[PDB]
Amino acid sequence: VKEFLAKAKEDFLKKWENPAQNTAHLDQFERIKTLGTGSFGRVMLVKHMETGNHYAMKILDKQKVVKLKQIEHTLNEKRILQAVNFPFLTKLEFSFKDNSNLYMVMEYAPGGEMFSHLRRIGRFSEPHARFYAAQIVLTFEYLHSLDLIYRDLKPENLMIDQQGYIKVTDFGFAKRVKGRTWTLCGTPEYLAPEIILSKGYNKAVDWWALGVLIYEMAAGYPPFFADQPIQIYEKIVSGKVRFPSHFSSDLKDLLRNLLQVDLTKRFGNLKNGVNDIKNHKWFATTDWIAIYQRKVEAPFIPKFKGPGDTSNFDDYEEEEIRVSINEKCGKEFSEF
Amino acid sequence: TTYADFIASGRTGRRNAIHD
Ligand SMILES: Cc1n[nH]c2ccc(-c3cncc(OC[C@@H](N)Cc4c[nH]c5ccccc45)c3)cc12
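X-ray crystallography is the method the PDB entry lists for this structure, together with a resolution of 2.08 Å.

Printed below as a string of structure tokens:
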């Protein structure tokens, strides 16, 4: 495991220092449907014509990225995802840019997002939540060993694949940092108290966010909610959490140790690091090798309909991919 | 119930990342 991590780091470092660039072109793909949107732009199902492989293609508008002050963060996202390789995230298969846009092409996860399944079902059993949680613990172990902080854990970002496993998606705030960092970013419900309080923070925010996720998966709502973000932040910084009565003892105990304001006590952050989590009692029934190797049966598999089936996603207005005759923001994105 | 308070709240749909 120390050894697995060492080799993964050597592989990651080579790509990190010598990033792949301009590895496809838009005309090599057929666009089939928009799967999702946000401030970043759009994610589309596309088919690579040469192979007939389907992929998710994220399309960013350079001028919008500039207006949003996300140049460096977008550069981070692309440089990271082209360099990683892990079962529960989607590295870049291809990337490129044109006059107007930035493109990132990744493995397509057909099952939809956890968020939609979670809301519809209400909540997940502790076993069901533990299956997903384990995939997160392993991805964070991997990411943090590479000096990467993720900074946006939430159900909306966890895409379900055909086997019922998870892909962590949207690395718009991921950063390679060896010390502390200061950017106010993330999603209100999932922000650690250090972020809200404008302290310099580290990877421990990712472990706090796991606490929020496990809670939300098991309860059906988040530990800290309200109608407006400022109400949510007061609740986070006070820090008092109430657990549903259906929560097991072991679940509450882990959550007390993840949702811990005291950084000297927050699990994931201590001298034993990720093993405080992996060896906590709530995970006692978890075989971490079988999870990595995807040999455990998923508590929920979405129905096979086709490798390009989009029915586990919403419908969105389908707008064009307009490519200017003039190159926008050349210097800003020169390394992309 | 807490469940009823959540479902009646304005934040049961997909939540966006923050902007400053
Ligand atoms: C669906 C899918 N298969 N593979 C990938 C890789 C990467 C993404 C992805 C990339 N960039 C941002 C993303 O946003 C996740 C959420 N922040 C927004 C969102 C909510 N529902 C969907 C559905 C489809 C894409 C994005 C979103 C995801 C999606 C997929």
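Back to the text.
K.L.:
Got a minute to help me understand the interface of chain B and chain A in this structure?
P.N.:
Interfaces are often sized by the amount of accessible area the parts lose when they come together. On the chain A side, the residues contacting the 16 residues of chain B number 30 residues. Surface buried jointly by chain B and chain A totals about 1900 Å² across both partners, of which 54% is contributed by carbon and sulfur atoms. Three residues stand out in chain B for area buried against chain A, namely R14, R15 and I18 of chain B, and they jointly supply 42% of the buried area on that side. Inspection of the chain B/chain A interface yields 5 salt bridges. Applying the counting rule to chain B against chain A returns 10 residue pairs in polar contact.

K.L.:
What is the right way to look at the layout of surface pockets in this model?
P.N.:
If you roll a probe as big as a water molecule over the atoms, it shows you where there is empty space left. Residue and element names in this part refer to chain A. Space inside the largest pocket adds up to approximately 1100 Å³. If you go around the largest pocket, you meet 49 residues; those closest to its centre are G38, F40, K58, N157 and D170. Of the residues in the lining of the largest pocket, the class split is 21 nonpolar, 14 polar and 14 charged. Taken domain by domain, the lining of the largest pocket gets at least three of its residues from each of domain 1 (1-18 + 113-303) and domain 2 (19-112 + 304-334). For the second largest pocket, the calculated volume is near 440 Å³. Along the walls of the second largest pocket sit 21 residues, with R42, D61, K64, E319 and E320 positioned nearest its centre. Where the lining of the second largest pocket is concerned, the elements lending two or more residues are β1 (29-38), β2 (41-48), β3 (53-61) and α2 (62-67). Ranked by the residues each element gives to the lining of the second largest pocket, the list is headed by β3, at 3 residues. Considered class by class, the residues forming the lining of the second largest pocket number 5 nonpolar, 8 polar and 8 charged.

K.L.:
Explain the UniProt feature "domain: Protein kinase" in chain A to me, please; I cannot follow it from the model alone.
P.N.:
As annotated in UniProt, the feature "domain: Protein kinase" corresponds to residues 29-283 of chain A in the numbering used here. In residues 29-283 of chain A, the share of helix is 36% and the share of strand is 20%. The end C-alpha atoms are 42 Å apart.

K.L.:
Got a minute to help me understand the packing of aromatic side chains in this structure?
P.N.:
What the rule picks out here adds up to 27 aromatic pairs over all chains. Relative to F224 of chain A, the ring of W208 of chain A has its centre 6.1 Å away and its plane inclined at 10°; by these criteria the two rings are stacked. Within this pair, whereas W208 of chain A is found in helix α7 (residues 204-219), its partner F224 of chain A is found in the loop between α7 and α8 (229-238), the two being separated by 16 residues in sequence. Since its relative accessible area comes to 1%, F224 of chain A is described here as buried. An angle of 45° between the planes, with centres 6.4 Å apart, marks the rings of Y221 of chain A and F6 of chain B as tilted. Highlighted residues: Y221 of chain A in the loop between α7 and α8 and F6 of chain B in helix α1 (residues 2-8), drawn from two different chains.

K.L.:
What am I meant to see in the domain arrangement of chain A here?
P.N.:
Residues and elements named next belong to chain A. With domains assigned, chain A is organised as domain 1 (1-18 + 113-303) and domain 2 (19-112 + 304-334). On a C-alpha basis, the centroid separation for the pair domain 1 and domain 2 is 25 Å. Between domain 1 and domain 2, the contact holds 39 residues from the first and 29 residues from the second. Both faces combined, the contact of domain 1 with domain 2 buries some 2900 Å², and carbon together with sulfur accounts for 60% of it. Counting across the interface, domain 1 meets domain 2 through 11 residue pairs in polar contact. Elements with a contribution of two residues or more to the side of domain 1 that touches domain 2: α1 (2-17), α4 (114-121), α5 (126-145), β7 (158-160), β8 (166-168), β9 (175-176) and α11 (288-292). Here the residues of the side of domain 1 that touches domain 2 sort into 21 nonpolar, 7 polar and 11 charged.

K.L.:
Would you explain the nonpolar core in this entry?
P.N.:
Note on soluble globular proteins: their nonpolar side chains tend to be buried together. Counting 91 residues, the largest nonpolar core has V84, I214 and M217 of chain A as the members making the most contacts within it. For this core, the element with the most residues is α7 of chain A, which contributes 12 residues.

K.L.:
I would appreciate a short explanation of empty space enclosed by the protein in the present structure.
P.N.:
Residues and elements named next belong to chain A. With the rule as written, the count across this model stands at 2 cavities of 30 Å³ or more. The computed volume of the largest cavity comes to approximately 80 Å³. Around the largest cavity sit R151, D152, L153, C185, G186, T187, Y190, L191, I195, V205, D206 and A209, which together line it. Broken down by element, the residue count for the lining of the largest cavity peaks at 3 residues, all from α7. A breakdown of the residues in the lining of the largest cavity according to their chemical character gives 7 nonpolar, 2 polar and 3 charged. Approximately 30 Å³ is the volume attributed to the second largest cavity. Taken together, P110, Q162, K303, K305, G306, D309 and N312 make up the lining of the second largest cavity. Class assignment for the residues of the lining of the second largest cavity results in 1 nonpolar, 3 polar and 3 charged.

The rules behind the values
- Residues numbered from 1 in each chain as written, not as in the entry; some residues may be left out.
- Chains lettered and ligands numbered in written order.
- Heavy atoms only, no water.
- Contact = heavy atoms within 4.5 Å.
- Buried area = accessible area lost by both parts, 1.4 Å probe.
- Salt bridge = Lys/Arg side-chain N within 4 Å of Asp/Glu carboxyl O.
- Polar contact = N/O pair within 3.5 Å; in protein donor to acceptor, adjacent residues only side chain to side chain.
- 1 Å grid on protein atoms, 1.4 Å probe; cavity = no way out; pocket = protein on both sides within 12 Å on 5 of 7 lines; lining within 4 Å.
- Points joined across faces, edges and corners; volume = space filled by probe spheres on them.
- Nonpolar A, V, L, I, M, F, W, Y, C, P; charged D, E, K, R; others polar.
- Domains from an automatic or database assignment.
- Helix = DSSP H or I, 4+ residues; strand = E, 2+ residues; numbered from the N terminus.
- UniProt positions renumbered as here; feature names shortened; annotations may be inferred.
- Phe/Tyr/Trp six-rings, centres within 6.5 Å; stacked < 30°, edge-to-face > 60°.
- Buried < 20%, exposed > 50% of the residue type's maximum accessible area, 1.4 Å probe, protein only.
- Core = buried A, V, L, I, M, F, W, Y, C linked by side-chain atoms within 4.5 Å.

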